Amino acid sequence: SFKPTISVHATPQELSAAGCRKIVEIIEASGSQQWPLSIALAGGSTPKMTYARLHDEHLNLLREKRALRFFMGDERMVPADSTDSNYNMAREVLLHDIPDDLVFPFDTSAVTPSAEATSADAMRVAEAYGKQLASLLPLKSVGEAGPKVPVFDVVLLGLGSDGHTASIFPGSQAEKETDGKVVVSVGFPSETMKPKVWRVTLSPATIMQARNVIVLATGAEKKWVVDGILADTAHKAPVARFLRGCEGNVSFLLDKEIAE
């Protein structure tokens, strides 16, 4: 069944250090002929620290060597310069130094501070990203028969205490997009999650076709989520349990609380 790699880390300087160490390892293991490897970034304080480390420690590998082509795994429907934007975060800490031809944010250019985006906006952005992904990445049939979804080399993920990952929220339609017909779906956060803005996100079908999936999570409050993904039998499962079906490698980089 589900056999993922799990590693526990005492601190943030440590989990983030392992997160960046895990990315460089895949890069190096793949070798230069395979580069640039596609990586779908996550937002959040933990991935941000991993990005700050790639910047500080491995810019030559990313810039001069062009090891990664950067995509966003999920995004908030706000302007790119917004503090609530995942790309804005990744840009500030790492992406400002990466060649423009290796950086692909979602196109939120239609979102202004004058009007909250709706799902109709999110959907237009999702469909456009999905199109770009299909021209840039290799496409794999879902189940030797199913529709074609892009194959990322790496997808970095976070977890919410509501059981969600990326911007795939509970009860959502995106959560039900597992057959490969939809590559980038949309979603609105759950009661306990913020910011309260429409999201675009890689669908579960897309994520399950990724060659490697790296999940970084901390906090006691998210322990039920990890337990729920790893449990032999689904009971009151978190959304993130869909990760069990990943076709690639899966790794969980956890702090002490969340592990136990």
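One-based numbering along the sequence shown.
Student: I need to verify one thing: averaged over C-alpha atoms only, is the B-factor higher for 227-235 or for 64-72?
Tutor: Averaging CA B-factors over each stretch, the winner is 227-235.
Student: Looking at the deposited entry, does 97-105 or 111-119 carry the larger mean Cα B-factor?
Tutor: Averaging CA B-factors over each stretch, the winner is 111-119.
Student: Highest CA temperature factor in the entry: which of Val125, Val183, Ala80, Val154?
Tutor: The record points to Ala80.
Student: Looking at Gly163, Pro138, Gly130, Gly143, which has the biggest Cα B factor in the entry?
Tutor: Comparing C-alpha B-factors across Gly163, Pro138, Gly130, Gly143, the top value belongs to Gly143.
Student: Select lowest, middle or highest to describe the third in which the CA B-factor of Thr206 falls within its chain in this entry.
Tutor: Ranked within chain, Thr206 CA B lands in the lowest tercile.
Student: Using the B-factor values recorded in the entry, state whether the Cα atom of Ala240 falls in the lowest, middle or highest third among the modelled residues of its chain.
Tutor: Lowest third, going by the recorded CA B-factors of the chain.
Student: Mind checking which third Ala220 falls in for C-alpha B-factor across the chain?
Tutor: CA B-factor rank for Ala220: highest third.
Student: Splitting the chain's C-alpha B-factors into thirds, which one does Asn212 fall into?
Tutor: Middle third.
Student: Sort the modelled residues of this chain by their C-alpha B factor and say whether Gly171 lands in the lowest, middle or highest third.
Tutor: Tercile = highest for this residue's CA B-factor.
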